[PDB]
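Worksheet for the structure shown next.
Chains as they are written, first to last, in the deposited numbering: chain B, 679 to 726; chain F, 346 to 373.
Shown next as structure tokens:
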């Protein structure tokens, strides 16, 4: 029983989830997504 | 005095309008 419980606890620790949430939030902050600016943009492209 | 149709509707090719609006967006 204790062997089973420690196997389950170790698997659950390996099964943690908040780290990915923190990483995604950090990436969102680093990239700093936004929409503020012009209504639409006109740009330059040399279409083949 | 038979009147003739005046200047017709122009095309104003999209490229010219687009570049003019590039300029306007640049200076705004």
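For each residue, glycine too, the CB sits at the ideal point set by N, CA and C.
State yes or no: is the C-beta of residue i within less than 8 Å of the C-beta of residue j?
i                      : j                      : result
residue 370 of chain F : residue 716 of chain B : yes
residue 363 of chain F : residue 698 of chain B : no
Cα separation between residue i and residue j?
i                      : j                      : result
residue 722 of chain B : residue 713 of chain B : 20 Å
residue 361 of chain F : residue 347 of chain F : 36 Å
residue 682 of chain B : residue 695 of chain B : 22 Å
CB-CB under 6 Å to residue i, same chain, minus the five flanking residues each way: which ones, in chain order?
i                      : result
residue 691 of chain B : none
residue 693 of chain B : none
- prompt: What residues in the segment 691-723 of chain B bring their beta carbon closer than 9 Å to a beta carbon of chain F?
  reply: Taking 9 Å as the Cβ-Cβ cut-off against chain F, the residues of the segment 691-723 of chain B that qualify are 716, 719, 720, 721 and 722.
- request: Check each residue of the segment 348-364 of chain F: if its Cβ is closer than 8 Å to any Cβ of chain B, include it; give the result in chain order.
  value: Taking 8 Å as the cut-off between beta carbons, the residues of the segment 348-364 of chain F near chain B are 363, in sequence order.
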